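Undergrad: Sharing a structure below in structure tokens format, with a few things to ask.
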Amino acid sequence: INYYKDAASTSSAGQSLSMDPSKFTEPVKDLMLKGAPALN
Amino acid sequence: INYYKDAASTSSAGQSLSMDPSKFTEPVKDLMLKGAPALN
Amino acid sequence: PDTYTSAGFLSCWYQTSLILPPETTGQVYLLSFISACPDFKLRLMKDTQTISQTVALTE
Amino acid sequence: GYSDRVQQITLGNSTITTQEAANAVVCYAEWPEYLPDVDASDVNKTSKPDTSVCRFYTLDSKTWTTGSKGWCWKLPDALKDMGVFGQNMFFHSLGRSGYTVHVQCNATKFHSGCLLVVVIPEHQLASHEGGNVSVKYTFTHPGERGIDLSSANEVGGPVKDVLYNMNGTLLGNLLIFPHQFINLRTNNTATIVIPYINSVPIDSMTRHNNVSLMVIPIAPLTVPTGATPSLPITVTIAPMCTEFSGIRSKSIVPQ
Amino acid sequence: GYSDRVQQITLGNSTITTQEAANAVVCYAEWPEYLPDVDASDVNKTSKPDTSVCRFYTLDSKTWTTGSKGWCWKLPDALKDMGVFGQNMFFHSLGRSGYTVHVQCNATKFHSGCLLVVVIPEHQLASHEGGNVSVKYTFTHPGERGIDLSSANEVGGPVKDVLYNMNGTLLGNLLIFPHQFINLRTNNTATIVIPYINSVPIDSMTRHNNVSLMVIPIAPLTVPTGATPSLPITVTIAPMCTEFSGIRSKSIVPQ
Amino acid sequence: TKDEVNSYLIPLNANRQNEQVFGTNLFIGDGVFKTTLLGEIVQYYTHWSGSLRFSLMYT
Amino acid sequence: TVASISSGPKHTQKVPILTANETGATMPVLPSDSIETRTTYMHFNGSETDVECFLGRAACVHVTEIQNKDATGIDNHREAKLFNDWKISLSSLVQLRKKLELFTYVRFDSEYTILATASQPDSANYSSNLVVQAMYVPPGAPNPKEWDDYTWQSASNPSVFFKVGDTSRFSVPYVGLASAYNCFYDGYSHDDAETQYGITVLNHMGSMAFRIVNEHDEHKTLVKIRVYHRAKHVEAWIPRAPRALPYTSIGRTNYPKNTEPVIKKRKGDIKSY
Amino acid sequence: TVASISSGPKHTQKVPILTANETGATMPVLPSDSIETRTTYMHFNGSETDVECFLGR
Ligand SMILES: Cc1cc(CCCCCCCOc2ccc(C3=N[C@@H](C)CO3)cc2)on1
């Protein structure tokens, strides 16, 4: 129950439960498959 | 009504109403019947 | 660092040996990295020993 | 014609027969079983030597005399040197096991005496010094010899006072732990099956013992007239469902 | 992008990667497998330590120099002291095993040299004395050290003459045995998978070795100018599908 | 003795056989690990569990 | 539910009262196996003997004390009680300890209540109003050195601010590393020849730090902190023999030497009533 | 959720542990690519490492 009118006044947000490290761990242009050779 | 998000914050648990003394009072391998001889 | 809770050691040795081509000399180096597997769990947040201060900063 | 009385336990390449048993206890009514995946944490596949480790090792014999106070063995320590069980133990980082314990003591229908055979999960001993003196490692790792409660206090060792279970509790209440009596007039062996009991799924076999087996004379031994005044007590123990994990170099432990 | 050239073998808790392989040989086109019942004789259930014995042990390294004649290891001897494999070995009456052998030797594109890596089932050695002099036990059980074909004749030892394979046959014909070459210009490792080969279903691991692994320089090592004139050769071997049976007291063997 | 680009480099010697390249314990919250991003984040939490990935790139 | 059924005379070959205790069992014998009984009902459920109930009331687990005074020229705040600190534990005081050690492993959430009262033992014009700040300093995180260190910023560490005279209350989930807390541990932290034995090595929970936020007034004020702990969501395994001798140390089983006989001696014979 | 799957011996031409870090990627290698593993579950969600939680006290 929100007792207040504005959105800033609500409690903390709830877990992204998004999670996708590939923008950080695999930003390569041509896709690399694990097990296939790195450099062909 | 829980007012809080986490489970630790809820009140005391409610009675097991489990109760089974046999693990402590009769841990024998071959079942003993009351009234039958203890050692055959 | 907890004892009971300790995780082991990591070592590295020559299996055969490094061999340089002719006209080449000296030491070669390895770079080493560390990252966590997707396996990983971290819990119970606290304050880091890695940063402290003695007076408030100002502009 | 089956009696509670006669029994055969075959485990590995070794068999025990008793013709004068008094049933058998299975701690907490649970039988040893391997470690389920749902309970697993370490990702390593474990090693299950099976029949080469799950057989019966008979420890060296003790001698019950009228002055005996009782003996105490720790597990897996007592077996730290038995065959391949022991090797596996020093060579893996983690291991887990249940046991069948068979304590033997026969006499005649003229003797009297009664031993308590009890298994205590997590038996943390007390220092006889009091205060917060610790009990050094060696002292709680007697090996197959076990601890002799009628031996003298030593320094860095535990207290050996029987009315207090080596920890500040009374002998009389040890009966809350899985146990069985050997009453010369009834019984000649005691058998207890121990499931693996711990707060972690697998642990180190050398830094932590998870049960102490204790044999304590309670009704003093009384032999017939002009009989030799003593009887030997033998303890035979078999690891069961053993699993080892995290193999490597081979632990080096104090002393 | 798979090449015959790069490979990974993971066995137990140990992994090997080679980026310059030349395929791998599987002796007689058969892969190690356990002992089927139809072939069994001993009635004992066997013990299969699995991952604690089926991992890769790297023996101590050798040094190929221009004067090297070749080295010879026997199996299971070479592993008689590796971890739990070895313990199991001394503790059971009978055992059986296949192996993955990985021989390693890297150099540069200016070196030349070529080693023959061969596995000989039942390699009965000859006495250098001639006649019917025997080859004493110790001499055919060098352990991880193996036999160094450029060492001197010793008394009670085998002959170490390379053009004769240590038995009266010519080096040139060793190619009828499963083998692979390491030619610095091509190759940097050799890998052979050995199935268990015997005339009995299971045997003693101490009185009989069932293969000798032999590494022999054939085209002499030639290093680039002002290079150090030698290369190390390393042998890593992993028991696979090992089974032990007839556990007991623990063999005591000469020397 | 003072932070330098050189403490990232593990040296290798040509022609040594059998010998040891480096050694370290695995207290990820201390010692070598401590300034790495992994080490640095682990320090915001009290407990960790999981697999680590250690890689070496040859130069 | 019947507490006793009706039962009459017996002349059988079936004797439920003869057993063999050597077996380790306690055979479930009832009044009606050996006397003639009448029906009676239980009228009772055994509600208040549930382990949740037994361990579920607040017990005092710790009393500490800190003072508000001029820190000018104090070389060791910790030592002046300018801010004490406590090594969270649940066995320093014994009423609750004997209760928990009836079990080997125990698992529960904790609810803490902290009461703080002030004392002014020497001449003050008044009673000041102080705010206490208790911080959770788990192991690995900077521990406070002065009563007003950067540590107290507590940007990542839970802290509660309440007033002296009031009470603070919050609840912490089960923070154990294993599946349960060990009430006992017959092990070491490693196979060292001289390492400590016991659980001391296992309940590495860390400590909790208290301080007054207020600067100093002209008089000095003693604030005494009492921490209460209530187990909620309790789970207990493997019952053990109750503690008979007195305790000597946090975390060891050790009892004092030349202790006194714990079993009351009869004033009379075995035959005495 | 599985934290580790069961995996056994390997003798392949497909080597997941050899990579080229020069590319800038961190290849997602797991215990089961280089040792033999057993199944285990995560039992955990990563709740307390959410940025809302990290900056939210
Ligand atoms: C502000 C503020 C302060 C705190 C404290 C957090 C609580 C941490 C304590 C965790 C529980 O500690 C223990 C210690 C020991 C035992 C225990 N020892 C054995 C006898 C049995 O149980 C159980 C819990 O949190 N926020």
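For the structure tokens, the naming scheme is as follows: chains receive sequential letters (A, B, ...) according to their order of presentation, residues are indexed from 1 within each chain, and ligands are indexed from 1 in presentation order.
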I'd like the superposed chain A, fitted onto chain B by least squares over all Cα atoms in order, as a PDB file with N, CA and C atoms, in the first residue's frame.
TA:
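See superposed-v4.pdb below for the written result:
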```pdb
ATOM      1  N   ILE A   1      -0.770 -10.856   8.656  1.00  0.00           N
ATOM      2  CA  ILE A   1      -0.136  -9.907   7.683  1.00  0.00           C
ATOM      3  C   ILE A   1       1.342  -9.619   7.855  1.00  0.00           C
ATOM      4  N   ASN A   2       2.175 -10.003   6.920  1.00  0.00           N
ATOM      5  CA  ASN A   2       3.619  -9.676   7.170  1.00  0.00           C
ATOM      6  C   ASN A   2       3.818  -8.250   6.752  1.00  0.00           C
ATOM      7  N   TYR A   3       4.409  -7.386   7.530  1.00  0.00           N
ATOM      8  CA  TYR A   3       4.670  -6.007   7.057  1.00  0.00           C
ATOM      9  C   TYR A   3       6.017  -5.836   6.376  1.00  0.00           C
ATOM     10  N   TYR A   4       6.805  -6.867   6.521  1.00  0.00           N
ATOM     11  CA  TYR A   4       8.197  -6.850   6.076  1.00  0.00           C
ATOM     12  C   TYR A   4       8.467  -7.895   5.021  1.00  0.00           C
ATOM     13  N   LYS A   5       9.500  -7.597   4.218  1.00  0.00           N
ATOM     14  CA  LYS A   5       9.816  -8.375   3.063  1.00  0.00           C
ATOM     15  C   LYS A   5      10.548  -9.663   3.279  1.00  0.00           C
ATOM     16  N   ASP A   6      11.417  -9.724   4.266  1.00  0.00           N
ATOM     17  CA  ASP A   6      12.286 -10.873   4.488  1.00  0.00           C
ATOM     18  C   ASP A   6      11.678 -11.892   5.374  1.00  0.00           C
ATOM     19  N   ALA A   7      12.022 -13.185   5.242  1.00  0.00           N
ATOM     20  CA  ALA A   7      11.355 -14.184   6.095  1.00  0.00           C
ATOM     21  C   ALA A   7      11.836 -14.152   7.523  1.00  0.00           C
ATOM     22  N   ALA A   8      12.984 -13.589   7.764  1.00  0.00           N
ATOM     23  CA  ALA A   8      13.542 -13.679   9.131  1.00  0.00           C
ATOM     24  C   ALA A   8      12.722 -12.734   9.955  1.00  0.00           C
ATOM     25  N   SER A   9      11.911 -11.968   9.222  1.00  0.00           N
ATOM     26  CA  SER A   9      11.368 -10.853  10.099  1.00  0.00           C
ATOM     27  C   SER A   9      10.054 -11.223  10.619  1.00  0.00           C
ATOM     28  N   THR A  10       9.574 -12.385  10.265  1.00  0.00           N
ATOM     29  CA  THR A  10       8.225 -12.866  10.706  1.00  0.00           C
ATOM     30  C   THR A  10       8.282 -13.398  12.112  1.00  0.00           C
ATOM     31  N   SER A  11       7.120 -13.550  12.718  1.00  0.00           N
ATOM     32  CA  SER A  11       7.097 -13.947  14.146  1.00  0.00           C
ATOM     33  C   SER A  11       7.345 -15.443  14.213  1.00  0.00           C
ATOM     34  N   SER A  12       7.273 -15.891  15.460  1.00  0.00           N
ATOM     35  CA  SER A  12       7.670 -17.271  15.837  1.00  0.00           C
ATOM     36  C   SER A  12       6.892 -18.252  14.980  1.00  0.00           C
ATOM     37  N   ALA A  13       7.450 -19.457  14.844  1.00  0.00           N
ATOM     38  CA  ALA A  13       6.876 -20.447  13.993  1.00  0.00           C
ATOM     39  C   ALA A  13       5.641 -21.162  14.328  1.00  0.00           C
ATOM     40  N   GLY A  14       4.934 -21.402  15.368  1.00  0.00           N
ATOM     41  CA  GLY A  14       3.691 -22.417  15.074  1.00  0.00           C
ATOM     42  C   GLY A  14       4.202 -23.812  15.402  1.00  0.00           C
ATOM     43  N   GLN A  15       3.278 -24.644  16.012  1.00  0.00           N
ATOM     44  CA  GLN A  15       3.732 -25.908  16.659  1.00  0.00           C
ATOM     45  C   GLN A  15       3.819 -27.096  15.703  1.00  0.00           C
ATOM     46  N   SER A  16       5.119 -27.557  15.736  1.00  0.00           N
ATOM     47  CA  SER A  16       5.543 -28.660  14.928  1.00  0.00           C
ATOM     48  C   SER A  16       4.343 -29.636  14.775  1.00  0.00           C
ATOM     49  N   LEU A  17       3.913 -29.813  16.055  1.00  0.00           N
ATOM     50  CA  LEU A  17       2.769 -30.865  16.036  1.00  0.00           C
ATOM     51  C   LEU A  17       3.302 -32.028  15.162  1.00  0.00           C
ATOM     52  N   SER A  18       4.738 -32.216  15.376  1.00  0.00           N
ATOM     53  CA  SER A  18       5.274 -33.390  14.631  1.00  0.00           C
ATOM     54  C   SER A  18       5.320 -34.563  15.595  1.00  0.00           C
ATOM     55  N   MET A  19       6.256 -34.593  16.516  1.00  0.00           N
ATOM     56  CA  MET A  19       6.255 -35.600  17.576  1.00  0.00           C
ATOM     57  C   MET A  19       6.336 -37.054  17.225  1.00  0.00           C
ATOM     58  N   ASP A  20       7.525 -37.627  17.223  1.00  0.00           N
ATOM     59  CA  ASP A  20       7.763 -39.023  16.964  1.00  0.00           C
ATOM     60  C   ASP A  20       9.021 -39.494  17.694  1.00  0.00           C
ATOM     61  N   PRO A  21       8.772 -39.980  18.880  1.00  0.00           N
ATOM     62  CA  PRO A  21       9.882 -40.358  19.759  1.00  0.00           C
ATOM     63  C   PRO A  21      10.530 -41.602  19.258  1.00  0.00           C
ATOM     64  N   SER A  22      10.055 -42.322  18.364  1.00  0.00           N
ATOM     65  CA  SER A  22      10.690 -43.620  18.049  1.00  0.00           C
ATOM     66  C   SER A  22      12.085 -43.419  17.564  1.00  0.00           C
ATOM     67  N   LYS A  23      12.515 -42.377  16.962  1.00  0.00           N
ATOM     68  CA  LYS A  23      13.960 -42.368  16.568  1.00  0.00           C
ATOM     69  C   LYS A  23      14.860 -42.440  17.788  1.00  0.00           C
ATOM     70  N   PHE A  24      14.413 -41.964  18.916  1.00  0.00           N
ATOM     71  CA  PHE A  24      15.096 -41.937  20.201  1.00  0.00           C
ATOM     72  C   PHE A  24      14.709 -43.120  21.049  1.00  0.00           C
ATOM     73  N   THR A  25      13.484 -43.527  21.124  1.00  0.00           N
ATOM     74  CA  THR A  25      13.103 -44.611  22.063  1.00  0.00           C
ATOM     75  C   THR A  25      13.180 -46.006  21.524  1.00  0.00           C
ATOM     76  N   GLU A  26      13.177 -46.237  20.261  1.00  0.00           N
ATOM     77  CA  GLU A  26      13.220 -47.525  19.646  1.00  0.00           C
ATOM     78  C   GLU A  26      14.027 -47.546  18.382  1.00  0.00           C
ATOM     79  N   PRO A  27      15.303 -47.181  18.466  1.00  0.00           N
ATOM     80  CA  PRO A  27      16.139 -47.242  17.263  1.00  0.00           C
ATOM     81  C   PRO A  27      16.638 -48.647  17.065  1.00  0.00           C
ATOM     82  N   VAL A  28      15.874 -49.719  17.314  1.00  0.00           N
ATOM     83  CA  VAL A  28      16.439 -51.071  17.098  1.00  0.00           C
ATOM     84  C   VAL A  28      16.270 -51.513  15.659  1.00  0.00           C
ATOM     85  N   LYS A  29      17.133 -52.354  15.170  1.00  0.00           N
ATOM     86  CA  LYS A  29      17.142 -52.783  13.784  1.00  0.00           C
ATOM     87  C   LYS A  29      15.988 -53.739  13.594  1.00  0.00           C
ATOM     88  N   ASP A  30      15.780 -54.767  14.321  1.00  0.00           N
ATOM     89  CA  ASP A  30      14.646 -55.657  14.190  1.00  0.00           C
ATOM     90  C   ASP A  30      13.627 -55.191  15.288  1.00  0.00           C
ATOM     91  N   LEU A  31      12.467 -54.902  14.777  1.00  0.00           N
ATOM     92  CA  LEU A  31      11.295 -54.419  15.427  1.00  0.00           C
ATOM     93  C   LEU A  31      10.912 -55.272  16.659  1.00  0.00           C
ATOM     94  N   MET A  32      10.632 -54.576  17.707  1.00  0.00           N
ATOM     95  CA  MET A  32      10.286 -55.280  18.959  1.00  0.00           C
ATOM     96  C   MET A  32       8.817 -55.108  19.207  1.00  0.00           C
ATOM     97  N   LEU A  33       8.022 -56.185  19.368  1.00  0.00           N
ATOM     98  CA  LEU A  33       6.602 -55.974  19.749  1.00  0.00           C
ATOM     99  C   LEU A  33       6.306 -56.093  21.197  1.00  0.00           C
ATOM    100  N   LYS A  34       5.664 -55.118  21.746  1.00  0.00           N
ATOM    101  CA  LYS A  34       5.408 -55.165  23.264  1.00  0.00           C
ATOM    102  C   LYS A  34       4.655 -56.377  23.657  1.00  0.00           C
ATOM    103  N   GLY A  35       5.164 -57.284  24.501  1.00  0.00           N
ATOM    104  CA  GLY A  35       4.187 -58.436  24.805  1.00  0.00           C
ATOM    105  C   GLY A  35       4.848 -59.660  24.252  1.00  0.00           C
ATOM    106  N   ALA A  36       5.479 -59.506  23.132  1.00  0.00           N
ATOM    107  CA  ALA A  36       6.318 -60.636  22.647  1.00  0.00           C
ATOM    108  C   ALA A  36       7.597 -60.575  23.476  1.00  0.00           C
ATOM    109  N   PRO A  37       8.258 -61.695  23.636  1.00  0.00           N
ATOM    110  CA  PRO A  37       9.527 -61.782  24.328  1.00  0.00           C
ATOM    111  C   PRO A  37      10.564 -60.828  23.716  1.00  0.00           C
ATOM    112  N   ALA A  38      11.329 -60.191  24.540  1.00  0.00           N
ATOM    113  CA  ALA A  38      12.426 -59.311  24.109  1.00  0.00           C
ATOM    114  C   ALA A  38      13.476 -60.083  23.338  1.00  0.00           C
ATOM    115  N   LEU A  39      13.914 -61.180  23.938  1.00  0.00           N
ATOM    116  CA  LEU A  39      15.004 -61.972  23.248  1.00  0.00           C
ATOM    117  C   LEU A  39      14.414 -63.368  23.060  1.00  0.00           C
ATOM    118  N   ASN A  40      14.388 -63.782  21.867  1.00  0.00           N
ATOM    119  CA  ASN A  40      13.852 -65.018  21.316  1.00  0.00           C
ATOM    120  C   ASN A  40      15.085 -65.940  21.106  1.00  0.00           C
TER     121      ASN A  40
END
```
Undergrad: Around ligand 1, out to 8 Å and counting only C-alpha atoms and all ligand atoms, which residues are there? I want them as number ranges by chain.
TA: G: 88-91, 97, 100-101, 105-107, 109-110, 112, 133-138, 157-160, 170-176, 181-184, 203-208, 251
Undergrad: List every residue of chain E that has an atom at most 8 Å from any atom of chain D, giving for each one its closest atom pair and the distance in Å to one decimal, counting only C-alpha atoms, sorted by chain and then by ascending residue number, as JSON lines.
TA:
```
{"residue": "E:45", "atom": "CA", "partner": "D:51", "partner_atom": "CA", "distance": 7.5}
{"residue": "E:46", "atom": "CA", "partner": "D:51", "partner_atom": "CA", "distance": 7.5}
{"residue": "E:47", "atom": "CA", "partner": "D:49", "partner_atom": "CA", "distance": 5.8}
{"residue": "E:48", "atom": "CA", "partner": "D:49", "partner_atom": "CA", "distance": 6.1}
{"residue": "E:49", "atom": "CA", "partner": "D:49", "partner_atom": "CA", "distance": 4.9}
{"residue": "E:50", "atom": "CA", "partner": "D:47", "partner_atom": "CA", "distance": 6.2}
{"residue": "E:51", "atom": "CA", "partner": "D:47", "partner_atom": "CA", "distance": 6.2}
{"residue": "E:52", "atom": "CA", "partner": "D:47", "partner_atom": "CA", "distance": 6.2}
{"residue": "E:83", "atom": "CA", "partner": "D:249", "partner_atom": "CA", "distance": 7.4}
{"residue": "E:84", "atom": "CA", "partner": "D:88", "partner_atom": "CA", "distance": 7.0}
{"residue": "E:87", "atom": "CA", "partner": "D:84", "partner_atom": "CA", "distance": 7.2}
{"residue": "E:88", "atom": "CA", "partner": "D:84", "partner_atom": "CA", "distance": 7.0}
{"residue": "E:91", "atom": "CA", "partner": "D:84", "partner_atom": "CA", "distance": 7.3}
{"residue": "E:247", "atom": "CA", "partner": "D:52", "partner_atom": "CA", "distance": 6.4}
{"residue": "E:248", "atom": "CA", "partner": "D:83", "partner_atom": "CA", "distance": 7.7}
{"residue": "E:249", "atom": "CA", "partner": "D:83", "partner_atom": "CA", "distance": 7.4}
```
Undergrad: Can you tell me which residues surround residue 21 (chain H) at a distance of at most 9 Å, considering only C-alpha atoms, apart from same-chain residues fewer than 5 positions away, and format the answer as a PDB file with N, CA, C and O atoms, in the first residue's frame?
TA:
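Dumped to part31.pdb:
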```pdb
ATOM      1  N   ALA A  38      39.871 -20.129 -30.810  1.00  0.00           N
ATOM      2  CA  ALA A  38      39.764 -18.672 -30.638  1.00  0.00           C
ATOM      3  C   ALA A  38      40.085 -17.944 -31.925  1.00  0.00           C
ATOM      4  O   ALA A  38      39.349 -17.019 -32.364  1.00  0.00           O
TER       5      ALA A  38
ATOM      6  N   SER F  55      43.388 -17.655 -15.546  1.00  0.00           N
ATOM      7  CA  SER F  55      43.973 -17.889 -16.884  1.00  0.00           C
ATOM      8  C   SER F  55      45.321 -17.203 -16.997  1.00  0.00           C
ATOM      9  O   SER F  55      45.563 -16.213 -16.296  1.00  0.00           O
ATOM     10  N   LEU F  56      46.157 -17.635 -17.874  1.00  0.00           N
ATOM     11  CA  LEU F  56      47.531 -17.124 -18.081  1.00  0.00           C
ATOM     12  C   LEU F  56      47.652 -16.801 -19.559  1.00  0.00           C
ATOM     13  O   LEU F  56      47.320 -17.696 -20.368  1.00  0.00           O
ATOM     14  N   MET F  57      48.035 -15.612 -19.946  1.00  0.00           N
ATOM     15  CA  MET F  57      48.195 -15.387 -21.448  1.00  0.00           C
ATOM     16  C   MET F  57      49.691 -15.319 -21.713  1.00  0.00           C
ATOM     17  O   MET F  57      50.349 -14.542 -20.973  1.00  0.00           O
TER      18      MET F  57
ATOM     19  N   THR H  26      35.925 -12.520 -21.936  1.00  0.00           N
ATOM     20  CA  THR H  26      36.227 -13.511 -20.862  1.00  0.00           C
ATOM     21  C   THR H  26      35.334 -14.708 -21.193  1.00  0.00           C
ATOM     22  O   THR H  26      34.074 -14.718 -20.898  1.00  0.00           O
ATOM     23  N   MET H  27      35.911 -15.672 -21.823  1.00  0.00           N
ATOM     24  CA  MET H  27      35.186 -16.910 -22.186  1.00  0.00           C
ATOM     25  C   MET H  27      34.644 -17.602 -20.969  1.00  0.00           C
ATOM     26  O   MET H  27      35.291 -17.856 -19.885  1.00  0.00           O
TER      27      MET H  27
END
```
Undergrad: Where does DSSP see alpha helix (DSSP H) in region 53-146 of chain E, if you list the residues as a list in words?
TA: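 After running DSSP on the backbone, region 53-146 of chain E has alpha helix (DSSP H) at residues 83, 84, 85, 86, 87, 88, 89, 90 and 91 of chain E.
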Undergrad: Would you output that residue set with N, CA, C and O atoms, as a PDB file, in the first residue's frame?
TA:
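out_0.pdb was written with the following content:
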```
ATOM      1  N   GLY E  83      50.329 -41.727  -5.822  1.00  0.00           N
ATOM      2  CA  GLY E  83      49.064 -41.442  -5.087  1.00  0.00           C
ATOM      3  C   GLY E  83      48.363 -42.701  -4.675  1.00  0.00           C
ATOM      4  O   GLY E  83      49.046 -43.670  -4.260  1.00  0.00           O
ATOM      5  N   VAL E  84      47.039 -42.686  -4.776  1.00  0.00           N
ATOM      6  CA  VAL E  84      46.257 -43.866  -4.366  1.00  0.00           C
ATOM      7  C   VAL E  84      46.358 -44.999  -5.363  1.00  0.00           C
ATOM      8  O   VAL E  84      45.967 -46.174  -5.024  1.00  0.00           O
ATOM      9  N   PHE E  85      46.857 -44.762  -6.578  1.00  0.00           N
ATOM     10  CA  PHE E  85      46.980 -45.848  -7.576  1.00  0.00           C
ATOM     11  C   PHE E  85      47.924 -46.871  -6.937  1.00  0.00           C
ATOM     12  O   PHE E  85      47.641 -48.026  -6.699  1.00  0.00           O
ATOM     13  N   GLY E  86      49.080 -46.353  -6.588  1.00  0.00           N
ATOM     14  CA  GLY E  86      50.096 -47.151  -5.942  1.00  0.00           C
ATOM     15  C   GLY E  86      49.647 -47.831  -4.699  1.00  0.00           C
ATOM     16  O   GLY E  86      50.061 -48.991  -4.450  1.00  0.00           O
ATOM     17  N   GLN E  87      48.883 -47.240  -3.844  1.00  0.00           N
ATOM     18  CA  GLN E  87      48.526 -47.901  -2.563  1.00  0.00           C
ATOM     19  C   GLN E  87      47.713 -49.163  -2.877  1.00  0.00           C
ATOM     20  O   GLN E  87      47.943 -50.194  -2.342  1.00  0.00           O
ATOM     21  N   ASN E  88      46.734 -48.949  -3.734  1.00  0.00           N
ATOM     22  CA  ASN E  88      45.772 -49.982  -4.166  1.00  0.00           C
ATOM     23  C   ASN E  88      46.562 -51.170  -4.684  1.00  0.00           C
ATOM     24  O   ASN E  88      46.288 -52.335  -4.418  1.00  0.00           O
ATOM     25  N   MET E  89      47.590 -50.822  -5.453  1.00  0.00           N
ATOM     26  CA  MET E  89      48.491 -51.767  -6.084  1.00  0.00           C
ATOM     27  C   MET E  89      49.124 -52.679  -5.090  1.00  0.00           C
ATOM     28  O   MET E  89      49.086 -53.903  -5.234  1.00  0.00           O
ATOM     29  N   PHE E  90      49.702 -52.158  -4.010  1.00  0.00           N
ATOM     30  CA  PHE E  90      50.392 -52.969  -2.998  1.00  0.00           C
ATOM     31  C   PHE E  90      49.469 -53.699  -2.061  1.00  0.00           C
ATOM     32  O   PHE E  90      49.884 -54.700  -1.508  1.00  0.00           O
ATOM     33  N   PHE E  91      48.271 -53.197  -1.884  1.00  0.00           N
ATOM     34  CA  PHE E  91      47.255 -53.695  -1.022  1.00  0.00           C
ATOM     35  C   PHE E  91      46.372 -54.718  -1.700  1.00  0.00           C
ATOM     36  O   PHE E  91      45.758 -55.426  -0.844  1.00  0.00           O
TER      37      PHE E  91
END
```
Undergrad: Take CA of residue 16 (chain F) and CA of residue 59 (chain E) and report the distance between them in Å, one decimal.
TA: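 We find that CA of residue 16 (chain F) and CA of residue 59 (chain E) lie 16.8 Å from each other.
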Undergrad: Would you list the contacts of region 120-130 of chain G as a ChimeraX atom specification, taking every protein, DNA or RNA residue within 8 Å and counting only C-alpha atoms, but skipping same-chain residues closer than 2 positions in sequence?
TA: /G:118,132,163-164,212-214,217,219-222
Undergrad: Any idea what's packed within 9 Å of region 30-34 of chain H, counting only C-alpha atoms, ignoring anything in its chain fewer than 5 positions away? Could you give it as a tab-separated table (two decimals) with C-alpha atoms, in the first residue's frame?
TA:
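Okay, around.tsv is ready:
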```tsv
chain	number	residue	atom	x	y	z
C	37	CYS	CA	32.61	-18.58	-12.64
C	38	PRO	CA	28.84	-18.29	-13.00
C	39	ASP	CA	28.78	-20.65	-9.99
D	43	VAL	CA	31.53	-29.96	-7.51
D	44	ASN	CA	34.02	-32.82	-7.53
E	8	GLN	CA	42.36	-32.03	-24.74
E	9	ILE	CA	42.24	-35.16	-22.54
E	10	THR	CA	40.46	-34.73	-19.18
E	11	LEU	CA	40.70	-37.72	-16.87
E	13	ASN	CA	40.83	-34.10	-11.84
E	14	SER	CA	43.55	-33.59	-14.40
E	15	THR	CA	43.63	-32.21	-17.94
E	16	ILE	CA	46.23	-32.11	-20.72
F	51	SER	CA	34.42	-21.58	-8.75
F	52	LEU	CA	37.23	-19.18	-9.79
F	53	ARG	CA	38.68	-18.92	-13.25
H	4	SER	CA	27.51	-27.83	-11.84
H	5	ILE	CA	26.44	-30.63	-14.13
H	6	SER	CA	27.85	-34.14	-14.04
H	7	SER	CA	30.71	-34.52	-16.55
H	8	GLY	CA	33.18	-37.43	-17.12
H	10	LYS	CA	37.04	-36.17	-22.22
H	15	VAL	CA	39.29	-27.76	-26.24
H	16	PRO	CA	37.23	-25.16	-24.36
H	17	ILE	CA	40.13	-24.14	-22.12
```
Undergrad: Could you work out which residues of chain E fall inside 12 Å of chain A? Count only C-alpha atoms, and format the result as a list in words.
TA: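 The answer, sorted by residue number, is residues 1, 2, 3, 5, 6, 7, 8 and 19 of chain E.
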